[PDB]
$ cat final.pdb   # PDB, C-alpha atoms
ATOM      1  CA  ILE A   1       3.510  18.760  -5.605  1.00  0.00           C
ATOM      2  CA  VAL A   2       4.010  18.288  -1.846  1.00  0.00           C
ATOM      3  CA  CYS A   3       1.786  15.335  -1.014  1.00  0.00           C
ATOM      4  CA  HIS A   4       2.363  11.553  -0.557  1.00  0.00           C
ATOM      5  CA  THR A   5       5.334  11.598  -2.925  1.00  0.00           C
ATOM      6  CA  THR A   6       6.866   8.332  -3.835  1.00  0.00           C
ATOM      7  CA  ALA A   7       9.240  10.037  -6.336  1.00  0.00           C
ATOM      8  CA  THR A   8      12.387   8.886  -4.500  1.00  0.00           C
ATOM      9  CA  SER A   9      10.483   9.138  -1.187  1.00  0.00           C
ATOM     10  CA  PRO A  10       8.655   6.646   1.141  1.00  0.00           C
ATOM     11  CA  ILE A  11       5.208   8.348   0.904  1.00  0.00           C
ATOM     12  CA  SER A  12       6.878  11.628   1.973  1.00  0.00           C
ATOM     13  CA  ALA A  13       5.934  15.305   1.507  1.00  0.00           C
ATOM     14  CA  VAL A  14       8.409  16.103  -1.301  1.00  0.00           C
ATOM     15  CA  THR A  15       7.762  18.489  -4.223  1.00  0.00           C
ATOM     16  CA  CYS A  16       8.427  15.894  -6.949  1.00  0.00           C
ATOM     17  CA  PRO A  17      10.756  16.800  -9.860  1.00  0.00           C
ATOM     18  CA  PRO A  18       9.042  13.892 -11.781  1.00  0.00           C
ATOM     19  CA  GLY A  19       5.485  14.920 -12.628  1.00  0.00           C
ATOM     20  CA  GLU A  20       2.837  17.623 -13.010  1.00  0.00           C
ATOM     21  CA  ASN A  21       0.084  19.686 -11.214  1.00  0.00           C
ATOM     22  CA  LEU A  22      -1.701  16.789  -9.364  1.00  0.00           C
ATOM     23  CA  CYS A  23      -1.228  14.639  -6.334  1.00  0.00           C
ATOM     24  CA  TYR A  24      -1.925  10.948  -7.063  1.00  0.00           C
ATOM     25  CA  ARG A  25      -3.560   8.515  -4.747  1.00  0.00           C
ATOM     26  CA  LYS A  26      -3.729   6.043  -7.664  1.00  0.00           C
ATOM     27  CA  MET A  27      -5.205   3.025  -5.878  1.00  0.00           C
ATOM     28  CA  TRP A  28      -6.745  -0.236  -7.085  1.00  0.00           C
ATOM     29  CA  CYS A  29      -6.548  -3.934  -5.911  1.00  0.00           C
ATOM     30  CA  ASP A  30      -7.021  -4.637  -2.771  1.00  0.00           C
ATOM     31  CA  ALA A  31      -5.747  -8.139  -2.068  1.00  0.00           C
ATOM     32  CA  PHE A  32      -3.768  -7.173  -5.215  1.00  0.00           C
ATOM     33  CA  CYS A  33      -6.744  -9.201  -6.266  1.00  0.00           C
ATOM     34  CA  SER A  34      -4.908 -12.474  -5.617  1.00  0.00           C
ATOM     35  CA  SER A  35      -2.496 -12.967  -2.615  1.00  0.00           C
ATOM     36  CA  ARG A  36      -2.951  -9.817  -0.433  1.00  0.00           C
ATOM     37  CA  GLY A  37      -1.775  -6.226  -0.983  1.00  0.00           C
ATOM     38  CA  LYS A  38      -2.960  -2.656  -1.778  1.00  0.00           C
ATOM     39  CA  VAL A  39      -1.591  -1.428  -5.162  1.00  0.00           C
ATOM     40  CA  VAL A  40      -1.227   2.291  -4.583  1.00  0.00           C
ATOM     41  CA  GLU A  41       0.986   3.977  -7.161  1.00  0.00           C
ATOM     42  CA  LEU A  42       1.868   7.501  -6.070  1.00  0.00           C
ATOM     43  CA  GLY A  43       2.322   9.267  -9.401  1.00  0.00           C
ATOM     44  CA  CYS A  44       2.693  13.056  -9.787  1.00  0.00           C
ATOM     45  CA  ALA A  45      -0.027  13.621 -12.350  1.00  0.00           C
ATOM     46  CA  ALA A  46      -1.300  16.076 -15.025  1.00  0.00           C
ATOM     47  CA  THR A  47      -5.092  15.316 -15.034  1.00  0.00           C
ATOM     48  CA  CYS A  48      -7.498  12.637 -13.764  1.00  0.00           C
ATOM     49  CA  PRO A  49     -10.034  12.242 -16.648  1.00  0.00           C
ATOM     50  CA  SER A  50     -13.554  10.792 -16.328  1.00  0.00           C
ATOM     51  CA  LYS A  51     -12.555   8.301 -19.037  1.00  0.00           C
ATOM     52  CA  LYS A  52      -9.650   6.618 -17.234  1.00  0.00           C
ATOM     53  CA  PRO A  53      -8.341   3.068 -16.527  1.00  0.00           C
ATOM     54  CA  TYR A  54     -10.906   2.739 -13.704  1.00  0.00           C
ATOM     55  CA  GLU A  55      -8.948   3.083 -10.481  1.00  0.00           C
ATOM     56  CA  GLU A  56      -9.740   5.019  -7.281  1.00  0.00           C
ATOM     57  CA  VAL A  57      -7.756   8.168  -7.893  1.00  0.00           C
ATOM     58  CA  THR A  58      -7.594  10.949  -5.301  1.00  0.00           C
ATOM     59  CA  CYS A  59      -6.284  13.539  -7.681  1.00  0.00           C
ATOM     60  CA  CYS A  60      -5.569  16.455  -5.392  1.00  0.00           C
ATOM     61  CA  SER A  61      -3.630  19.730  -5.864  1.00  0.00           C
ATOM     62  CA  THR A  62      -1.005  19.895  -3.049  1.00  0.00           C
ATOM     63  CA  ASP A  63      -0.308  19.897   0.760  1.00  0.00           C
ATOM     64  CA  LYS A  64      -0.345  16.239   1.863  1.00  0.00           C
ATOM     65  CA  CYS A  65      -4.054  15.571   0.983  1.00  0.00           C
ATOM     66  CA  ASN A  66      -4.128  12.022  -0.524  1.00  0.00           C
ATOM     67  CA  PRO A  67      -2.519   9.045   1.371  1.00  0.00           C
ATOM     68  CA  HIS A  68      -1.811   5.453   0.210  1.00  0.00           C
ATOM     69  CA  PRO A  69      -4.651   3.412   1.965  1.00  0.00           C
ATOM     70  CA  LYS A  70      -8.374   3.031   1.351  1.00  0.00           C
ATOM     71  CA  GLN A  71      -9.757   6.540   1.929  1.00  0.00           C
ATOM     72  CA  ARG A  72     -12.770   5.101   3.754  1.00  0.00           C
ATOM     73  CA  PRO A  73     -15.339   7.090   5.839  1.00  0.00           C
ATOM     74  CA  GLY A  74     -15.422   6.052   9.539  1.00  0.00           C
TER      75      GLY A  74
ATOM     76  CA  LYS B   1       9.556   8.064 -11.748  1.00  0.00           C
ATOM     77  CA  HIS B   2       7.204   6.966  -8.956  1.00  0.00           C
ATOM     78  CA  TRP B   3       6.770   3.999  -6.598  1.00  0.00           C
ATOM     79  CA  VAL B   4       4.064   1.491  -5.807  1.00  0.00           C
ATOM     80  CA  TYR B   5       3.368   0.976  -2.108  1.00  0.00           C
ATOM     81  CA  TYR B   6       1.157  -1.787  -0.707  1.00  0.00           C
TER      82      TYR B   6
END
$ encode --input "final.pdb" --output "structure tokens"
Amino acid sequence: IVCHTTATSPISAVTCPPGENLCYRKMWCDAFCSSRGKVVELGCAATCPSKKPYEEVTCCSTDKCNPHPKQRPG
Amino acid sequence: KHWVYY
């Protein structure tokens, strides 16, 4: 899983020994809904279900794909 | 073993 790997990497294209067949972008709050930050956990993942803890998850396969920030259309 | 970035 060579994407935005934070498994001992600063958002770096590393094939993570911790995790499974998905690339993360596990993002939520967004002011960390208090005193300003963007909680993006970059977790090498098995599946992104429909019935999830409702966060904006760009659950990609591999090859960079899914970066930290708000994946917002220009 | 994964990190939060802000």
$ residues_around --input "final.pdb" --residues "residue 14 (chain A)" --least-positions-apart "5" --cutoff "10 Å" --atoms "all atoms listed in the file" --output "ChimeraX atom specification"
/A:1-9,63-64
$ closest_residue --input "final.pdb" --among "A:40, A:60, A:65, A:16" --to "chain B" --atoms "all atoms listed in the file"
A:40
$ residues_around --input "final.pdb" --residues "region 47-56 of chain A" --least-positions-apart "6" --cutoff "10 Å" --atoms "only C-alpha atoms" --output "list in words"
residues 20, 21, 22, 23, 24, 25, 26, 27, 28, 29, 40, 70 and 71 of chain A
$ closest_atom_pairs --input "final.pdb" --of "chain A" --to "chain B" --cutoff "7 Å" --atoms "only C-alpha atoms" --output "CSV"
residue,atom,partner,partner_atom,distance
A:6,CA,B:3,CA,5.1
A:7,CA,B:2,CA,4.5
A:18,CA,B:1,CA,5.9
A:37,CA,B:6,CA,5.3
A:38,CA,B:6,CA,4.3
A:39,CA,B:6,CA,5.2
A:40,CA,B:5,CA,5.4
A:41,CA,B:4,CA,4.2
A:42,CA,B:3,CA,6.0
A:43,CA,B:2,CA,5.4
$ atom_distance --input "final.pdb" --atom1 "CA of residue 67 (chain A)" --atom2 "CA of residue 11 (chain A)"
7.8 Å
$ atom_distance --input "final.pdb" --atom1 "CA of residue 34 (chain A)" --atom2 "CA of residue 12 (chain A)"
27.9 Å
$ axis_aligned_box --input "final.pdb" --around "region 45-54 of chain A" --padding-each-side "3 Å" --output "lines of an AutoDock Vina configuration file"
center_x = -6.8
center_y = 9.4
center_z = -15.7
size_x = 19.5
size_y = 19.3
size_z = 12.7
$ decode --input "final.pdb" --residues "chain B" --atoms "N, CA, C and O atoms" --output "PDB file, in the first residue's frame"
ATOM      1  N   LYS B   1      -0.414   0.561  13.284  1.00  0.00           N
ATOM      2  CA  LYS B   1       0.573   1.611  13.630  1.00  0.00           C
ATOM      3  C   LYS B   1       0.669   2.711  12.552  1.00  0.00           C
ATOM      4  O   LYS B   1       1.397   2.608  11.565  1.00  0.00           O
ATOM      5  N   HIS B   2      -0.119   3.745  12.798  1.00  0.00           N
ATOM      6  CA  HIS B   2      -0.372   4.846  11.847  1.00  0.00           C
ATOM      7  C   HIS B   2      -0.530   6.172  12.604  1.00  0.00           C
ATOM      8  O   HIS B   2      -0.981   6.202  13.748  1.00  0.00           O
ATOM      9  N   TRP B   3      -0.177   7.239  11.905  1.00  0.00           N
ATOM     10  CA  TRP B   3      -0.171   8.605  12.468  1.00  0.00           C
ATOM     11  C   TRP B   3      -1.275   9.526  11.941  1.00  0.00           C
ATOM     12  O   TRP B   3      -1.692   9.441  10.783  1.00  0.00           O
ATOM     13  N   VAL B   4      -1.812  10.271  12.901  1.00  0.00           N
ATOM     14  CA  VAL B   4      -2.592  11.494  12.640  1.00  0.00           C
ATOM     15  C   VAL B   4      -1.687  12.668  12.232  1.00  0.00           C
ATOM     16  O   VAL B   4      -0.654  12.945  12.833  1.00  0.00           O
ATOM     17  N   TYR B   5      -2.103  13.287  11.142  1.00  0.00           N
ATOM     18  CA  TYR B   5      -1.575  14.574  10.661  1.00  0.00           C
ATOM     19  C   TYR B   5      -2.717  15.582  10.530  1.00  0.00           C
ATOM     20  O   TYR B   5      -3.850  15.244  10.176  1.00  0.00           O
ATOM     21  N   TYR B   6      -2.360  16.832  10.817  1.00  0.00           N
ATOM     22  CA  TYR B   6      -3.327  17.945  10.892  1.00  0.00           C
ATOM     23  C   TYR B   6      -3.158  19.061   9.851  1.00  0.00           C
ATOM     24  O   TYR B   6      -4.095  19.896   9.779  1.00  0.00           O
TER      25      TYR B   6
END
